[PDB]
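Listed below are the residues making up each chain.
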Amino acid sequence: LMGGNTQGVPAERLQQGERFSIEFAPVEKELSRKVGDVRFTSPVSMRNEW
Amino acid sequence: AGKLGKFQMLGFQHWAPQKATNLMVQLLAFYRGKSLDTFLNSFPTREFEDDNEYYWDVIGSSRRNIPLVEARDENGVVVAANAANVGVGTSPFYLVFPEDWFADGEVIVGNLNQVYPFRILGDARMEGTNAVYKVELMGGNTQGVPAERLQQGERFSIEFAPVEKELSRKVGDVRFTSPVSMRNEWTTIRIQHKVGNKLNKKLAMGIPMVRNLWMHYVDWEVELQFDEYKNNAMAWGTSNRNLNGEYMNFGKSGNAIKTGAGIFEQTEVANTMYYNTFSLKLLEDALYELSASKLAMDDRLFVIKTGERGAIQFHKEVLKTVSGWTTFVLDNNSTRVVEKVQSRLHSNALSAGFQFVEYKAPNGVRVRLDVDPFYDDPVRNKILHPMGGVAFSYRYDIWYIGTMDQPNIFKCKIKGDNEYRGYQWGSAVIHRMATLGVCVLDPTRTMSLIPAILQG
Amino acid sequence: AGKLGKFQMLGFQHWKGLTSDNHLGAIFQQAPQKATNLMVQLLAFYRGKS
Amino acid sequence: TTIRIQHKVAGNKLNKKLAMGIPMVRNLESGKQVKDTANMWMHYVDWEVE
Amino acid sequence: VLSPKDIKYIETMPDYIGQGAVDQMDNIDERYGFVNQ
Amino acid sequence: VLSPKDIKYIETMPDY
Amino acid sequence: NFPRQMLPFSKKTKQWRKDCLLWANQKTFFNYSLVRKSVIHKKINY
Amino acid sequence: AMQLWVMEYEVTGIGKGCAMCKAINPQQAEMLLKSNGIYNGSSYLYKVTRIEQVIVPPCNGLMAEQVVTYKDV
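Right, let's walk through the structure included here. (Residues numbered from 1 in each chain as written, not as in the entry; some residues may be left out. Chains lettered and ligands numbered in written order. Part of a larger assembly, values for the part shown. Heavy atoms only, no water.)

As enumerated under the stated definition, the model contains 42 aromatic pairs over all chains in all. When the ring of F278 of chain B is compared with that of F314 of chain B, the centres are 6.2 Å apart and the planes differ by 35 degrees; the resulting orientation is tilted. Taken together, the residues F278 of chain B in the loop between strand 17 (272-275) and helix 3 (280-294) and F314 of chain B in helix 4 (residues 309-322) connect sequence positions 36 residues apart. Considered together, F278 of chain B and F314 of chain B belong to a single accessibility category, that of buried residues. These aromatic residues form a ring-pair network of at least three members: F39, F43, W236, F264, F374, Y375, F392, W399 and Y400 of chain B. In this structure, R46 of chain B is placed above the aromatic ring of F48 of chain B, and the distance from its NZ or CZ to the ring centre is 5.7 Å. When the ring centre of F7 of chain C is taken as reference, the NZ or CZ atom of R241 of chain B above it lies at 4.3 Å. (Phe/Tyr/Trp six-rings, centres within 6.5 Å; stacked < 30°, edge-to-face > 60°. Helix = DSSP H or I, 4+ residues; strand = E, 2+ residues; numbered from the N terminus. Buried < 20%, exposed > 50% of the residue type's maximum accessible area, 1.4 Å probe, protein only. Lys NZ or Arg CZ within 6 Å of the ring centre and 35° of its normal.)

In structure tokens form, the structure reads like this:
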């Protein structure tokens with residue numbers, strides 16, 4: 001946990017079905033190393049005949 | 001009210017004749033990503049010299065009244081809540097305050113000003129830090145002050161310091177005050193991607209539900225999804241520090257990952273209420289009491305920023321408030337919910353439709369409304385609301401309370417180019433890095449009504 | 001009374017009447033003046049560079 | 001005789017200005033410390049590497 | 001010979017060539033990361 | 001046509 | 001988006017001219033051209 | 001991703017409902033409704049009363065029927 005949590009998340013907030021979203025990737029100011037990645041998407045085709 | 005699913009997004013790990021167009025179709029049966037760029041650029045910027053933490057001056061106010069701690073009779077026994085009248089016949093009694101604030105010969109008054117005025121007979125006798133003034137009444141009062149007006153928590157202000165017209169000696173004194181200060185912090189962000197032009201392993205296809213069911217530009221997607229890193233760090237970021245100044249999270253190289261709070265964790269330290277059902281009994285009486293103590297009568301304009309479905313929750317709730325106004329009869333002559341639209345089908349052809357976009361409260365408070373399109377985010381806001389939407393559209397945000405002559409919200413910035421880029425040919429990794437930070441100076445000038453399902 | 005943020009160092013302070021030097025020193029309005037032209041270089045015969 | 005030297009610094013020290021509480025000095029080759037008025041940190045590192 | 005009705009048609013023509021990534025209601029464009037090849 | 005702030009951008013920016 | 005060009009000169013303000021230039025920064029040089037080759041195809045020839 | 005499941009449920013105190021999922025077993029059918037439904041923040045209000053599979057060989061027949069009356073409200 002990141003945002004100052006000294007109590008922890010509730011167990012109800014860690015069940016099956018809960019959607020998760022990427023925010024960002026922080027590092028420190030000194031001697032930092034590589035974090036993060038980049039996502040893509042792909043197209044599907046439709047069709048017609050004469 | 002029910003949803004029917006019109007698309008499904010699947011990862012690629014779970015899966016040429018001629019074309020009818022050379023431009024790729026983008027269906028309305030597909031949710032789309034949203035930039036926070038219209039929201040973030042509505043605020044100005046500010047340039048700093050370096051990545052040191054920065055502070056500024058905070059100025060308050062001066063007019064004080066001292067709460068009472070206890071009251072004693074002339075023998076030292078503390079007055080109780082059920083005691084008799086104190087100081088009867090202008091007999092002296094003591095008045096114990098937590099500070100040395102009033103002086104000799106000064107007239108001070110309780111919660112009931114000018115009805116029971118107390119004249120202080122001498123300097124403050126220190127009891128540790130307490131200040132005990134031997135006082136007596138100054139109103140010709142023969143029966144004294146009641147015991148309920150001499151209890152803990154009663155405000156005491158100063159009035160004057162009167163003397164007799166001849167041979168008198170010196171009375172009264174004067175008081176001084178001081179200001180405070182506040183700091184803020186920074187945050188740095190880093191990204192990478194192991195790469196030319198082609199996709200890599202994090203792929204997701206979108207298949208639409210119809211009835212009888214290229215080449216990537218990597219140099220644009222890394223900039224776009226690092227723009228979204230600096231748009232989520234500026235706006236939706238959080239702080240991880242103690243009240244002892246210690247950080248709680250450590251990175252890969254031992255050093256502590258330093259983060260500062262974004263917009264929405266700095267503006268939610270004040271004027272934030274969590275409601276379960278929106279009502280104009282709640283919003284009007286919270287916007288008035290903010291404007292009764294802080295805003296002049298001409299300067300009481302509040303531009304509610306909300307989502308899309310938060311506009312129809314404000315429409316159908318003012319309409320609930322307006323329909324209970326049994327005094328006034330609302331006609332189509334003035335409001336014109338049905339007007340004359342020229343049509344081929346009839347000579348006198350009509351129309352219908354309206355929406356309450358504003359509400360005006362008493363004492364000059366006007367509650368406007370506008371729609372910010374980033375509240376309807378299907379990616380980030382995932383907890384749904386039964387009346388349609390993503391339950392973040394039902395959040396009302398009041399920015400810009402009053403006038404300041406300086407911006408209250410801005411985005412801090414290092415002079416020049418604080419963004420970094422770097423390629424690592426072995427493996428071919430493009431590294432990018434940037435620092436940022438958003439300062440909200442006075443978070444008392446930002447008000448938010450968040451639905452109760454987005455808390456705790 | 002209270003704080004504008006998580007990190008606010010000072011509280012509003014007040015006094016009455018006779019102001020002394022610690023009344024002006026504790027409200028951070030008294031600082032020592034840096035003697036700029038006064039500078040002590042330590043006396044030694046330096047046998048580096050020889 | 002073949003000799004070698006090396007210094008490692010963090011990456012954030014590129015433009016790191018020094019708010020000089022005490023005056024920042026350079027070691028002379030003679031053994032003396034000389035007071036300097038420059039405010040960037042890498043001016044003082046690159047003195048000492050040579 | 002073009003009327004102001006006809007200039008408004010040339011102006012308000014559908015143009016991917018003359019529009020930007022993020023549209024009016026803050027929706028992103030995904031075709032700006034694709035190449036035809 | 002360059003304002004002094006612009007010469008400051010063309011300045012503080014790197015030469016790196 | 002690229003703004004309306006069909007305006008009077010009073011309404012071609014300073015923010016209108018910036019919106020014309022911020023639009024051109026969003027162009028990514030891989031757009032359709034009828035009588036030119038692609039930039040990858042010219043760079044290979046040089 | 002194997003079978004289809006139609007559900008008759010009743011949100012507690014709010015109304016009644018009719019839903020349809022695609023899961024492997026009916027316990028995951030109530031998962032995909034309690035977390036993707038319109039009462040995401042009040043998932044404890046979902047009370048699922050009947051789950052039956054969408055079986056094919058008739059392919060002409062009702063699967064859910066849940067009417068809200070003026071005397072229930």
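Having seen the model, we can carry on.
Moving on, we come to unusual backbone geometry. A negative phi angle characterises most non-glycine residues, just as the trans form characterises most peptide bonds. Look at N271 of chain B: it is not a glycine, yet its phi comes out positive at around 60 degrees. Structurally, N271 of chain B is set in the loop between helix 2 (218-235) and strand 17. The phi angle at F29 of chain G is positive, at roughly 55 degrees, despite the residue not being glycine.

Residues and elements named next belong to chain E. Together, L2, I7, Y9, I10 and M13 make up an exposed nonpolar region whose accessible area comes to about 510 Å². Relative to the elements of secondary structure, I10 occurs in helix 1 (residues 4-11). The class for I10 is partly exposed, based on a relative accessible area of 45%. (Patch = residues over 30% accessible without salt bridge, like charges linked within 9 Å, V, L, I, M, F, W, Y side chains within 5 Å. Areas by Shrake-Rupley, 256 points an atom, 1.4 Å probe, with all protein chains shown as cover. Salt bridge = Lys/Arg side-chain N within 4 Å of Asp/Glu carboxyl O.)

Turning next to the sheet that holds strand 26 (residues 447-451) of chain B. All names here are of chain B. Spatial strand order, 17-26-21-18-20-19: six strands in an open sheet with mixed pairing. The sheet is open, and its two borders are formed by strand 17 and strand 19 (359-360), each paired with just one other strand. For strand 19 and strand 20 (residues 366-371), the ladder comprises two bridges, and the chain directions are antiparallel. Within strand 20, the residue paired with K360 across the bridge is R366. In this fold helix 3 packs onto strand 17, strand 18 (301-306), strand 19, strand 20, strand 21 (396-398) and strand 26, with an angle of close to 160 degrees to the strand it touches most, strand 26. Of the strands in this sheet, strand 17, strand 18, strand 19, strand 20 and strand 21 touch helix 4, which is tilted by about 150 degrees from strand 20. (Pairing = 2+ DSSP bridges. Contact = heavy atoms within 4.5 Å. Axes fitted to C-alpha atoms, helices over the stretch in contact; angles between N-to-C directions.)

If you look at the interface, chain B gives 49 residues, while chain A gives 33 residues. Buried surface at the junction of chain B and chain A, summed over both partners, amounts to about 3800 Å²; 60% is from carbon and sulfur atoms. A per-residue breakdown of the area chain B buries against chain A is headed by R190, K202 and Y229 of chain B, which together make up 17% of the total. If you look at where chain B meets chain A, you find one salt bridge. Put simply, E23 of chain A and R380 of chain B hold a salt bridge, and the shortest N to O gap is 2.4 Å. (Buried area = accessible area lost by both parts, 1.4 Å probe.)

Quick look at the nonpolar core now. A general trend in soluble globular proteins is that nonpolar side chains are found buried together. Residues and elements named next belong to chain B. With 31 residues, the main nonpolar core has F39, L40, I189, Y229, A235, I263 and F264 as its most contacted residues. Elements with a contribution of two residues or more to this core: helix 1 (37-40), strand 14 (187-194), helix 2, strand 24 (428-436) and strand 25 (438-440). Looking at this core, the element that brings in the most residues is helix 2, giving seven residues. Excluding anything up to four places from it in sequence, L40 contacts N231, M234, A235, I263 and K411. Residues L283, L290, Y359 and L449 belong to the second largest nonpolar core, which totals 25 residues. (Core = buried A, V, L, I, M, F, W, Y, C linked by side-chain atoms within 4.5 Å.)

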